[PDB]
Amino acid sequence: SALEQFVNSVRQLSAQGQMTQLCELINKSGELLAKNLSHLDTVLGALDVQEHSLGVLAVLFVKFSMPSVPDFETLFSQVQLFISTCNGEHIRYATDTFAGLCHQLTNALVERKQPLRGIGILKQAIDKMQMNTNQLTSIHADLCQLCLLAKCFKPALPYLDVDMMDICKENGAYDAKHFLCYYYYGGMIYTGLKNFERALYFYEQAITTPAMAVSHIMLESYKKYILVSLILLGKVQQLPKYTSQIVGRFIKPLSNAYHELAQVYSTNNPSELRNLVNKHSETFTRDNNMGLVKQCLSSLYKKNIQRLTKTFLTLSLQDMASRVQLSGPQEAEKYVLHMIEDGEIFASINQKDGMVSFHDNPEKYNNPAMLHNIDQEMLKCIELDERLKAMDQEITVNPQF
Amino acid sequence: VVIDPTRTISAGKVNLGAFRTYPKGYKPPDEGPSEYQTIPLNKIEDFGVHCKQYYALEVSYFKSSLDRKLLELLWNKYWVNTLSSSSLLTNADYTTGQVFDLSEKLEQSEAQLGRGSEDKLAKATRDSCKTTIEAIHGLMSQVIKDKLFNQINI
Amino acid sequence: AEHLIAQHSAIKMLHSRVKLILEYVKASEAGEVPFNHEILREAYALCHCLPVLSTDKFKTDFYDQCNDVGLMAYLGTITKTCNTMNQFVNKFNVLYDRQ
Amino acid sequence: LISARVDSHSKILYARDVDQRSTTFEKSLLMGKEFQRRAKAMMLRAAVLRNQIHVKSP
Amino acid sequence: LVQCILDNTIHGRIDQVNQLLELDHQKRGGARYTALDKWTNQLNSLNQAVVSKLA
Amino acid sequence: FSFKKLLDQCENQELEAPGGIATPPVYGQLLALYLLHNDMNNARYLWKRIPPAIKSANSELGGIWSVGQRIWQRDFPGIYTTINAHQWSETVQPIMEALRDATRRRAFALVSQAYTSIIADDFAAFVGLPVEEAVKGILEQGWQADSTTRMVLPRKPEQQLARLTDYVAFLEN
Amino acid sequence: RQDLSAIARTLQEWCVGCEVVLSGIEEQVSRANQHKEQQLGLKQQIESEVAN
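Note that the protein sequences, when read in sequence, are chains K, M, N, I, J, P and O. So the entry's author numbering is basically just the index in the first sequence, starting at one, shifted up by 2. Residues 168 to 283, 296 to 333 in the entry's author numbering are what the second sequence spells out, letter by letter. So the entry's author numbering is basically just the index in the third sequence, starting at one, shifted up by 217. So the entry's author numbering is basically just the index in the fourth sequence, starting at one, shifted up by 447. So the entry's author numbering is basically just the index in the fifth sequence, starting at one, shifted up by 388. Residues 11 to 167, 194 to 209 in the entry's author numbering are what the sixth sequence spells out, letter by letter. So the entry's author numbering is basically just the index in the seventh sequence, starting at one, shifted up by 163.
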């Protein structure tokens with residue numbers, strides 16, 4: 003009886019002025035909603051399926067049961083048909099139930115099994131929620147989580163590569179754990195693709211978050227921050243002074259093994275780091291980051307071979323095997339060849355004499371290459387300045403304090 | 168009359184001013200736009216102390232009918248000298264001297280932000308802008324020369 | 218706009234000289250206008266003077282100049298963006314923050 | 448204070464001369480990169496302080 | 389030559405392997421790169437101090 | 011050139027067609043194409059995404075990953091041996107030959123940079139071709155070959197105004 | 164006499180070269196104004212919002 007009236011009230015606000023009453027209509031909905039909504043969805047796509055379908059589907063996922071019997075696939079396809087060509091215009095005001103729907107779809111696909119296609123659909127929703135230069139919506143985290151479970155980081159990069167400004171709230175629709183999850187999962191995505199620069203950046207931004215209580219997302223991001231900083235840089239990168247107090251008070255002594263790992267890394271001894279990795283091996287496997295610590299061991303070996311360029315020019319392979327602690331000139335030749343190929347060292351191999359010749363001269367800065375490099379870097383700084391001009395203008399328009 | 172020969176060359180525009188002083192005790196009236204110039208840190212104190220004790224005259228130039236004729240006829244050959252200027256290295260030491268100053272200015276503008296004269300960073304930004312703009316203009320003439328005489332082939 | 222006007226006039230003068238010499242060449246080759254061994258010979262000698270400086274030392278020096286001005290321009294733009302960042306944070310600490 | 452490289456094959460100690468231009472370019476380029484990362488970091492810091500995003504105690 | 393270079397009377401160095409004196413001569417426009425170097429250092433410290441303001 | 015277009019098309023088919031799990035020949039193409047671009051981070055995470063059902067039903071896919079293990083370990087002779095081991099015409103075979111050629115160019119470009127003097131047998135194993143073929147090719151190219159010691163000595167190998201106007205327009209305003 | 168055309172073939176190749184450079188300046192100068200005025204205009208809008 004009542005469900006037959008609300009649809010007629012949706013068409014009344016269509017192509018007219020305000021839709022805040024429609025937001026109140028989704029806010030109330032019907033409380034104890036019946037199955038009839040599915041039948042009401044048969045004749046609902048009059049203009050563009052409207053915001054009514056969002057309330058219907060949000061309630062369908064709010065059920066805590068079913069959600070649409072073992073034929074839930076149909077509901078999934080309906081949700082697809084709601085995101086793909088249906089989209090909407092006043093999603094900006096209905097962001098709360100939209101992000102809630104995406105969170106519930108994500109949680110349902112996580113609780114089920116394989117969330118591969120869920121990524122492909124989610125990226126459309128994100129594309130219609132954000133403005134132009136992209137906003138940090140909550141769904142951005144979900145996407146990452148999905149592509150972190152369904153091991154396919156390739157299509158999730160364009161939303162991660164952009165350093166987006168302003169977090170999208172609108173009628174609440176945002177929680178701190180979604181921010182923390184986006185930067186932590188995103189950090190893990192860049193770590194899996196061996197892009198340790200943006201990975202370290204993402205973990206750093208996950209730690210900097212203001213906090214009164216300690217969360218496990220912050221702990222794990224801090225541990226992985228130390229690991230990636232040991233891989234990318236020779237030592238642990240200093241976190242900013244604006245980082246939360248709970249990090250230095252609670253998170254630091256909890257992840258004691260990682261600071262112990264950095265303490266043994268600083269001595270430049272590989273056998274002692276091996277002993278320490280075997281010592282706390284259970285703790286590193288408990289955090290599920292065993293593998294990155296092995297990369298830390300290999301990066302320590304590479305750091306020890308990179309320290310030889312500063313002092314030697316022409317060095318024997320046996321001498322290198324004795325100093326870096328590799329056992330045999332064969333492993334030294336392997337390591338040097340890998341390091342030349344990956345662009346980590348600037349050296350050459352002489353097999354006849356059994357020698358390694360370090361060059362150390364990538365550029366003299368007369369190429370056009372540098373011209374193009376500097377042109378691109380300058381364009382990045384110009385972009386940054388224009389963004390700052392826009393922010394400053396926006397603030398000048400606003401009232402005084 | 169005061170002339171800056173070095174800035175004339177670097178800016179490609181004549182840098183000249185004509186000035187007259189006010190008598191001791193006499194105050195200038197309300198209007199004083201004051202066209203901005205970058206003053207190095209070793210001169211800025213004295214500049215600021217005496218800048219209101221004089222005023223700038225409106226400068227203009229003239230030549231004779233014969234000068235007019237001769238300069239047009241001179242140009243018919245003197246154009247070659249404009250496409251062979253090499254301004255970037257003639258007075259290079261100036262731009263490197265200005266950058267030094269700019270660096271020390273930026274040190275002072277950093278000290279201003281440290282804890283706690297009217298916005299030193301904006302001044303330093305206009306100085307760095309002017310120096311860079313002159314440098315890029317030099318490169319513009321060099322690239323123009325490269326486009327005209329080098330990129331021709333057989 | 219006011220810095221490249223003297224170059225634009227100089228190039229226009231050069232372009233006129235180049236066009237007059239080119240038209241003399243075509244007039245001589247087409248016929249009617251009197252043929253001259255000496256003048257077209259000098260025009261041949263002028264054609265062989267192009268390109269001026271194609272050596273690798275000059276290329277290294279030209280790109281050295283260009284990278285120097287390029288790096289200087291990058292540091293200048295950094296200074297300006299540092300100033301714009303300073304303005305923004307100074308205003309943000311007043312409106313969105315209570316100092 | 449020794450600024451040299453050891454050639455252990457021929458047992459000769461060669462004095463190392465620093466290339467002025469490359470060093471100036473290198474540290475300037477790296478400074479620009481560090482400046483850009485600090486700018487991105489403070490951009491996001493401005494965003495979280497604007498939207499008041501923080502971890503609650505309970 | 390060792391005593392003389394140590395007292396800065398002779399500007400150069402000794403190549404003991406090839407048995408020669410490599411005299412100090414290579415001078416170019418090194419004044420610019422030092423100015424650009426100090427400009428870089430001061431811009432580093434400044435941008436750090438500007439970002440320090442917000443939190 | 012055209013392989014990248016097929017990669018993007020397969021990357022679209024990866025998510026558009028399923029139902030959760032994609033088509034096995036597309037999985038094979040995607041894996042071999044992920045090996046072609048040397049993106050082993052994409053290939054390793056693709057192989058672990060494959061369900062055990064297709065891993066048991068299609069053994070040819072495991073035969074494609076057996077090459078990737080050698081690419082991950084950087085064992086060149088093993089790469090050239092694993093390429094010439096399986097046949098899957100029209101689908102995987104036409105791109106495996108492109109992988110073989112790309113691995114040959116990669117190895118040649120590595121030896122030309124990383125080595126001054128290298129043993130001829132080691133170099134032959136690095137490029138996959140036999141010793142005589144390799145030494146013939148490098149002597150024709152211009153590398154210094156030495157017999158007796160069997161050493162090969164390798165030889166190491194507006195547009196502008198508009199940008200400037202934009203830079204001055206930035207600084208001047 | 165027969166290969167004389169080649170001289171012109173390079174002379175024209177220089178002429179066209181000049182004709183590009185010239186036009187380039189004409190455009191760049193125009194752009195340098197096109198930015199300036201625009202920016203001034205934009206500033207005059209910002210300065211008009213100070214009254215509100």
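Ideal placement from N, C-alpha and C gives every residue a C-beta, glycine not left out.
With a threshold of 8 Å between beta carbons, is residue i in contact with chain O?
| i | result |
| --- | --- |
| P/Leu197 | yes |
| residue 292 of chain M | It's not possible to place residue 292 of chain M here, given that chain M moves directly from 283 to 296. |
Got a sec: is the Cβ-Cβ distance from residue i to anything in chain N below 8 Å?
| i | result |
| --- | --- |
| O/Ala195 | yes |
| K/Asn368 | yes |
| P/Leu207 | yes |
| M/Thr311 | yes |
| K/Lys391 | yes |
| I/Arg497 | yes |
| O/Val192 | yes |
| P/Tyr90 | no |
Inspect the beta-carbon positions of residue i and residue j and report whether they are closer than 8 Å.
| i | j | result |
| --- | --- | --- |
| J/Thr422 | I/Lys474 | no |
| K/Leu263 | K/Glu206 | no |
| M/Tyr245 | M/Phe186 | no |
| P/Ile105 | P/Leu43 | yes |
| K/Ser231 | K/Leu182 | no |
| residue 106 of chain O | P/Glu70 | Absent from the structure is residue 106 of chain O, since the part of chain O shown begins at 164 and ends at 215. |
| K/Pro160 | K/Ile121 | no |
| M/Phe328 | N/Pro268 | yes |
| K/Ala101 | K/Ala48 | no |
Who are the neighbours of residue i on chain I, taking C-beta pairs under 9 Å?
| i | result |
| --- | --- |
| J/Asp425 | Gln467, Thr470, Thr471, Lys474 and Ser475 |
Quick one: which chain I residues come within Cβ less than 8 Å of residue i?
| i | result |
| --- | --- |
| K/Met167 | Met490, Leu491, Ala493 and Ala494 |
Check the Cβ-Cβ distances between residue i and every residue of chain P, and say whether any is below 8 Å.
| i | result |
| --- | --- |
| K/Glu33 | no |
| K/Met322 | no |
Using a Cβ-Cβ cut-off of 7 Å (strictly less than) and excluding sequence neighbours within five positions of residue i, which residues of its own chain qualify?
| i | result |
| --- | --- |
| K/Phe204 | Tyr185, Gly188, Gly189 and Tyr192 |
| P/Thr92 | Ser76, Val77 and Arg80 |
| K/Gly194 | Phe155 |
Residues of chain J with CB under 9 Å from residue i, in chain order?
| i | result |
| --- | --- |
| I/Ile459 | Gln404 and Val405 |
Between residue i and chain I, is there a C-beta pair that is closer than 8 Å?
| i | result |
| --- | --- |
| J/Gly400 | no |
| N/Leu257 | no |
For a contact meaning CB atoms closer than 9 Å, what does residue i contact in chain N?
| i | result |
| --- | --- |
| O/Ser168 | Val242, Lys243 and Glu246 |
Please decide whether residue i counts as near chain J, where near means a Cβ-Cβ distance under 8 Å.
| i | result |
| --- | --- |
| K/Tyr244 | yes |
For chain K, is any of its Cβ atoms less than 8 Å away from the one on residue i?
| i | result |
| --- | --- |
| N/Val311 | yes |
| J/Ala443 | yes |
| O/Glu210 | no |
Could you work out which residues of chain N lie near residue i, taking near to mean beta carbons separated by less than 8 Å?
| i | result |
| --- | --- |
| K/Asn400 | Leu312 |
With a threshold of 8 Å between beta carbons, is residue i in contact with chain M?
| i | result |
| --- | --- |
| N/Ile222 | no |
| N/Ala218 | no |
| P/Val204 | yes |
Check the Cβ of residue i against every Cβ in chain K and list those closer than 9 Å, keeping chain order.
| i | result |
| --- | --- |
| I/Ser450 | Neighbours of I/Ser450 on chain K: none; closest Cβ ~10 Å, over 9 Å. |
| P/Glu21 | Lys156 and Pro157 |
For a contact defined as C-beta to C-beta under 7 Å, what are the partners of residue i on chain I?
| i | result |
| --- | --- |
| J/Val439 | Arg485 and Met489 |
Residues of chain P with a CB under 7 Å from the CB of residue i: which are they?
| i | result |
| --- | --- |
| M/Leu318 | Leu200 |
| O/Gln202 | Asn209 |
Quick one: which chain O residues come within Cβ less than 9 Å of residue i?
| i | result |
| --- | --- |
| M/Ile315 | Correct list: empty, because the minimum Cβ distance to chain O is about 12 Å. |
Can you list, in chain order, the residues of its chain with a C-beta nearer than 6 Å to that of residue i? Leave out the 5 residues immediately preceding and following it.
| i | result |
| --- | --- |
| K/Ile123 | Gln82 and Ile85 |
Just to confirm my understanding: we take residue i, look at its own chain, exclude 5 residues before and 5 after, and list those with CB closer than 8 Å. What are they?
| i | result |
| --- | --- |
| P/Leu109 | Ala42, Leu45, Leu46, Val77 and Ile93 |
Along chain P, in chain order, which residues have C-beta atoms closer than 8 Å to that of residue i?
| i | result |
| --- | --- |
| K/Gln353 | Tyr125, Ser127, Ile128, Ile129, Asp132 and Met161 |
Next item on the list: For the stretch 94 to 116 of chain P, enumerate the residues whose C-beta is nearer than 7 Å to any C-beta of chain O, in chain order.
Entry: none
Notebook entry, point to check: Residues in the stretch 261 to 286 of chain N with C-beta within 8 Å of chain M's C-beta atoms, listed in sequence order?
Noted result: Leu267, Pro268, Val269, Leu270, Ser271, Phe279, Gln282, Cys283 and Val286
Checklist line | Cβ-based contacts, 7 Å cut-off: residues of the stretch 177 to 190 of chain O near chain M | finding: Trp177, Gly180, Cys181 and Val184
Notebook entry, point to check: Of all the residues that make up the stretch 290 to 303 of chain N, which are near chain M by a beta-carbon distance shorter than 7 Å?
Noted result: Along the stretch 290 to 303 of chain N, going in chain order, the ones with a CB nearer than 7 Å to a CB of chain M are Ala290, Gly293, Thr296, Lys297, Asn300 and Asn303.
Notebook entry, point to check: When you check each C-beta in the stretch 238 to 265 of chain M against every C-beta of chain J, which residues fall closer than 9 Å?
Noted result: So the close ones are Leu256, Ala259, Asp260, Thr262, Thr263, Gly264 and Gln265.
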